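Take a look at the structure below.
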Amino acid sequence: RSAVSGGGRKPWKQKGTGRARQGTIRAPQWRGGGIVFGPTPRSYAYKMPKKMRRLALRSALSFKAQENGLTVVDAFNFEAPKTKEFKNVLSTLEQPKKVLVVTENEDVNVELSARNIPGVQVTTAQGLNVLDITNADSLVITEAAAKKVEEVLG
Amino acid sequence: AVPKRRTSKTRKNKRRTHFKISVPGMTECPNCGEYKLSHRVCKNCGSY
Amino acid sequence: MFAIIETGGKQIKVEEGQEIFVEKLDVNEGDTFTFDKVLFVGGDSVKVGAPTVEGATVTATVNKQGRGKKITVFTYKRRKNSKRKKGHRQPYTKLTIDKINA
Amino acid sequence: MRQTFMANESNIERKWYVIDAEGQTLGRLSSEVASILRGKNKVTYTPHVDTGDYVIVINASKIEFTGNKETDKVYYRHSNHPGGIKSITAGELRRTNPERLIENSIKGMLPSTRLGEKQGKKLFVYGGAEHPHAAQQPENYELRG
Amino acid sequence: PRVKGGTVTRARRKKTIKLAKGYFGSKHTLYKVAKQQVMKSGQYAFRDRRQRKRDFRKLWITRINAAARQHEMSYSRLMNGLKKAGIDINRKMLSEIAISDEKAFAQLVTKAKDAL
Amino acid sequence: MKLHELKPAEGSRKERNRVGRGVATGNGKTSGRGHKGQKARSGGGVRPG
Amino acid sequence: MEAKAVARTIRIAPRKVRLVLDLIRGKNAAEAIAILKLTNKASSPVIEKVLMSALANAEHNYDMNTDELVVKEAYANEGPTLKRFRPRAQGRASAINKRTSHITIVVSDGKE
RNA sequence: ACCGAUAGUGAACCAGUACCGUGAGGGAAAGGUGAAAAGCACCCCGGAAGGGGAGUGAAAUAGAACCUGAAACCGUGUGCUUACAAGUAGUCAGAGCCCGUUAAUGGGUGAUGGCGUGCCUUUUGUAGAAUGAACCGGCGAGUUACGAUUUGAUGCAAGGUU
RNA sequence: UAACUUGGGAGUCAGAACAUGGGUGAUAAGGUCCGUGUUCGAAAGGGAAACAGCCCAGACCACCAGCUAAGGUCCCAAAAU
RNA sequence: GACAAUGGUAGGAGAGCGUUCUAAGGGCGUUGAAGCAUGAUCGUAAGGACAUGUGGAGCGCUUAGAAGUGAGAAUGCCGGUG
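Protein chains in written order, with the authors' numbering: chain AE, 54 to 207; chain AZ, 2 to 49; chain AP, 1 to 102; chain AH, 1 to 145; chain AO, 2 to 117; chain AJ, 1 to 49; chain AQ, 1 to 112.
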């Protein structure tokens with residue numbers, strides 16, 4: 054009511070017209086508006102204890118290990134970015150449609166050669182979260198990233 | 002002064018059953034023309 | 001030629017050949033259900049049961065384990081914000097008398 | 001809704017009876033006749049159609065009134081006009097129109113529905129022992145105790 | 002997100018207008034007056050399922066009483082003596098013997114009559 | 001888990017009581033307030049103590 | 001075969017036009033002209049103009065015998081109204097409904 | 001995990017604009033042809049509007065009020081009913097007359113019988129002659145933030161937490 | 001077969017009639033104010049002609065089964081002229 | 001398998017049905033989506049289908065999220081229409 058334009062005028066008088074008691078042209082039963090309890094701009098984020106974040110991330114990639122969706126390889130050696138070549142890498146070793154490649158530090162040529170295939174996501178070992186681990190059907194970590202996620206998660 | 006109740010669709014149609022209209026005279030003009038009104042002299046499209 | 005069987009919690013006036021509707025028995029379809037409680041046999045020779053006729057079964061074949069038509073059970077109170085709506089299909093059996101005894 | 005005989009047209013046969021009314025008290029005669037008209041002496045009785053048969057009351061001027069209710073027992077009647085209340089004693093109806101004395105006793109023992117008005121149409125009361133209905137062939141009916 | 006009142010108000014109101022078929026004029030067209038009549042008629046249907054069991058036992062006794070006075074019996078003395086005989090037949094089955102098989106009703110009258 | 005087969009822990013989540021929606025919820029007309037008085041108005045009631 | 005004509009948004013109100021339109025329906029096409037020429041209602045030159053138009057669509061478009069035709073259907077539907085106001089007393093207007101009609105007559109010879 | 005044209009800015013539209021007020025000031029309603037305008041050449045009725053053909057188009061009850069077109073309301077047809085009857089308009093019980101289904105101990109109608117004084121809100125108590133609603137449609141009311149306390153759940157625990 | 005304690009959440013502080021013990025009034029009130037019950041309130045069903053509070057009796061839902069309570073049994077209108 | 005319970009207003013507790021949106025999965029659509037209309041279908045309920053018309057592009061389902069989430073009443077508001 055306080056935000057819609059107009060409506061300071063009481064629209065008619067309180068007694069004696071035969072019509073209902075209305076107080077402004079912009080009351081919430083009027084057509085012109087005034088919303089009662091609608092959306093307000095708020096923030097939806099919240100937090101867990103940070104021992105409960107390590108355990109949720111260990112449980113997301115132990116579910117990958119127990120269902121054999123963990124394929125550790127050696128280093129990716131891409132000089133130039135080439136999406137056609139990286140798609141053949143994911144077919145010589147058999148992978149499902151959604152795959153999550155993980156390197157230790159940021160490899161700029163893997164993150165470009167896999168950027169365009171629908172279903173594939175490149176992630177730093179530092180940048181693993183629960184929602185792209187559990188979105189993928191299979192991990193493909195490297196040697197340097199498997200040792201890195203082992204040190205920081207345990 | 003004012004109607005205490007609305008009249009229904011049934012009660013309204015029972016009232017206006019005598020709200021009708023009659024067919025008129027319709028006698029032929031034997032000299033020439035179409036049907037004239039009975040006991041009337043024609044003006045147009047007839048010889049009465 | 002004429003019998004009164006007792007079945008369910010009530011009594012049925014049966015003749016041989018007709019399709020009768022009884023509250024639900026624990027038989028399957030296509031079976032033969034014999035009625036054990038005959039109270040009155042008439043027709044030509046009239047045998048009045050003492051409470052029963054002491055014998056005199058009625059065999060009948062079973063058709064159509066079924067559910068009845070849905071009735072909606074709606075009851076409300078006049079000013080008090082309290083009503084209840086529920087539905088009901090009642091089970092039945094459609095037997096067919098085919099042989100009488102006395 | 002298993003099996004109950006519900007009577008019908010092409011299913012009921014209404015016969016004709018004659019009740020001699022000499023030496024009969026009014027509402028004991030009238031109550032027995034009221035259950036012949038409705039059909040409650042029939043085993044094929046349904047309440048919603050007109051089972052029940054015809055009654056002729058043939059004497060009707062020889063009706064007993066016990067007590068003092070031929071000078072008492074005024075019959076009242078209002079004319080739907082202001083102060084239009086009108087009365088006649090039971091003895092004055094016995095000597096003058098005794099047919100309406102009896103056929104208002106019996107029609108008052110009948111329901112006021114559309115069926116009870118047509119069940120009262122089956123009653124033919126005559127003052128003095130001659131009725132015209134020899135074509136309809138009625139029987140004698142003796143009243144029960 | 003905003004959810005508007007689309008398509009669920011009619012679907013709830015049409016199946017009350019459809020459930021009110023055969024009512025006088027306004028009471029099968031308009032929602033507010035047919036809703037009240039369907040609530041009224043569900044209350045009547047509950048009530049009259051309980052009274053159909055009363056009004057048919059009332060019908061059977063009237064026919065047993067009229068069939069027993071053709072044998073010089075009352076309804077009261079018939080089913081007194083028919084219980085002293087041990088007969089466990091209904092008012093319904095006894096009302097259907099008396100219409101269909103007139104001799105079989107007369108043979109259980111003379112079993113109740115000598116039971117007194 | 002999977003993002004299409006994930007389910008919460010048992011007893012963790014209840015749905016909240018929407019109040020003022022129809023007869024059969026038990027909080028429909030008067031909405032848990034009772035009929036009248038200061039406690040039945042919006043913003044009404046009185047301060048603690 | 002049937003032949004029809006309509007007249008949409010005729011400023012005569014639907015109640016006033018259905019009076020004279022009840023006089024001519026079911027009747028043959030020759031005498032329906034004579035009824036519409038002799039009733040002194042306002043609608044009688046308008047339905048007659050539509051009955052002329054449907055007898056002309058029978059002879060021309062469908063090649064019927066216009067001498068033996070009968071008016072099957074003769075109805076008038078509601079059209080869009082023109083909502084006018086009217087100043088009565090003490091600053092108080094009242095609405096006047098300028099109703100319109102869709103007049104429709106169809107004509108046939110009853111054969112298929 | 002904002003709105004979809006009564007929403008979202010008052011304003012999706014030649015809006016602070018018609019309009020109202022002496023003035024400050026108040027203040028609207030009003031989106032949708034089709035892919036493409038190919039937007040109906042000609043013929044007929046008519047003064048014209050309108051129609052009926054023809055024609056375009058996948059579609060013209062897509063014809064410029066033009067996407068779908070719901071109810072109120074207005075009609076025209078009908079199958080069954082109704083002119084001795086007292087009615088909260090049904091509801092059970094039912095003959096008759098029609099009809100044939102998401103085929104199931106079917107559908108429409110109802111001679112007649114039994115029962116039966118709307119719904120809310122208010123009240124000790126309302127058929128109430130107490131209040132509210134002409135009808136239909138849309139809109140229209142326990143929300144959010146922060147804190148507190150309780151449970152529920154889950155961490156790990158003499159520690160737990162940023 | 002409950003009771004108690006602790007905790008979360010309440011709604012109510014306008015009651016009514018009968019019967020009974022009382023005050024008040026007028027051994028007046030469908031009055032009023034208390035004690036005591038029951039019912040209504042928030043309880044439909046049956047009876048009291050109709051009739052919140054009286055009488056009988058507490059409705060999970062089908063049944064065209066039976067017995068019964070208060071009440072009743074010539075006709076209306078079930079059952080004893 | 002026995003046995004027991006199940007009138008109910010303020011009010012307390014529980015379990016649900018639909019609505020729009022999101023996420024993931026799996027789908028359906030000019031061989032006609034959503035709507036709309038009709039039907040004698042199913043579920044204890046809120047409800048769910050199916051068929052056939054109309055309609056001419058979207059929409060289900062599963063699981064889990066979020067809420068502008070459910071109307072018959074306010075001498076409600078705005079539209080139509082008596």
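All residues carry an ideal CB built from backbone N, CA and C; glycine is no exception.
- Below the 8 Å Cβ cutoff, chain AE contributes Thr187 as neighbours of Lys2 (chain AJ), in chain order.
- In terms of CA proximity to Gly87 (chain AO), AO:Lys114 leads the group AO:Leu20, AO:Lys15 and AO:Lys114.
- For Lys112 (chain AO), the nearest beta carbon of chain AP is closer than 7 Å to its own beta carbon.
- At a Cβ-Cβ threshold of 7 Å, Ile186 (chain AE) and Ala113 (chain AE) count as neighbours.
- When 8 Å is used as the limit between beta carbons, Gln11 (chain AP) is near these residues of chain AO: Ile90, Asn91, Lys93 and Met94, in chain order.
- The C-beta distance from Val55 (chain AH) to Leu143 (chain AH) rounds to 11 Å, too long to meet the 8 Å contact threshold.
- In the three-state reduction of the DSSP assignment, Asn130 (chain AE) falls in the coil class.
- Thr34 (chain AP) is a Cβ neighbour of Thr59 (chain AP), given a cutoff of 7 Å.
- The beta carbon of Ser39 (chain AZ) sits closer than 6 Å to those of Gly26 and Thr28, all from its chain and outside the five residues before and after it, given in chain order.
- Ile102 (chain AH): member of the alpha helix (DSSP H) spanning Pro98 to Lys107, first to last residue.
- Residues of the segment 113-129 of chain AE with a C-beta less than 9 Å from any C-beta of chain AJ: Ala113 and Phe116, listed in chain order.
- Interface criterion not met: the Cβ of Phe33 (chain AP) is under 7 Å from no Cβ in chain AO.
- Note on geometry: alpha-carbon atoms of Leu153 (chain AE) and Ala199 (chain AE) lie some 13 Å from one another.
- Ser101 (chain AO) and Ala68 (chain AO) have their C-alpha atoms spaced approximately 12 Å apart.
- Under the three-state reduction of DSSP output, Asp98 (chain AP) falls in the strand class.
- Looking from the CA of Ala35 (chain AO), the closest CA among AO:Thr111, AO:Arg13 and AO:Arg58 belongs to AO:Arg13.
- By the Cβ neighbour-count rule, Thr39 (chain AQ) is buried, with 16 or more other Cβ atoms within 10 Å of its own.
- Per DSSP, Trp16 (chain AH) is one residue of the beta strand (DSSP E) stretching across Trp16 to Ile19.
- Listed along chain AP are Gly49, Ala50 and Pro51, each with a C-beta nearer than 9 Å to that of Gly87 (chain AO).
- By DSSP's assignment, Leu108 (chain AE) forms no beta bridge with any residue.
- Scanning AO:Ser27, AO:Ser75 and AO:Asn91 for the CA closest to the CA of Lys10 (chain AZ) turns up AO:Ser27.
- With fewer than 16 other CB atoms across the displayed protein chains lying within 10 angstroms of its CB, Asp67 (chain AQ) is exposed.
- Listed in chain order, the non-local C-beta contacts of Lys64 (chain AP) below 7 Å within the same chain comprise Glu29 and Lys94, local neighbours out to five positions each way being set aside.
- Residue pairing of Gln65 (chain AP) in beta bridges, as defined by DSSP: AP:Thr93.
- In the DSSP assignment, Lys27 (chain AQ) falls outside any beta strand (DSSP E), carrying neither H nor E.
- For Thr176 (chain AE), the secondary structure class from DSSP, reduced to helix, strand or coil, is strand.
- Using a Cβ distance threshold of 7 Å, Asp190 (chain AE) and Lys151 (chain AE) count as a contacting pair.
- At a cut-off of 7 Å between beta-carbon atoms, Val46 (chain AJ) makes no contact with chain AP.
- Interface with chain AZ (7 Å Cβ-Cβ cutoff): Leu36 (chain AQ) is excluded.
- Membership of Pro45 (chain AQ) in the alpha helix (DSSP H) is indicated by the continuous run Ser44 to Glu59.
- In this structure, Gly39 (chain AH) keeps its C-beta atom at 7 Å or more from the C-beta atom of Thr25 (chain AH).
- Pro138 (chain AH) counts as buried, since no fewer than 16 other beta carbons sit within 10 angstroms of its beta carbon.
- Under the three-state reduction of DSSP, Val73 (chain AP) is assigned to strand.
- Considering only beta carbons, the part of the segment 65-85 of chain AP lying closer than 8 Å to chain AJ consists of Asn81, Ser82 and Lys83, in chain order.
- Residue range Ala90 to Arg95 is occupied by the alpha helix (DSSP H) that includes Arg95 (chain AH), with no beta strand (DSSP E) assigned at that position.
- Collapsing the DSSP output to three states places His29 (chain AO) in a helix.
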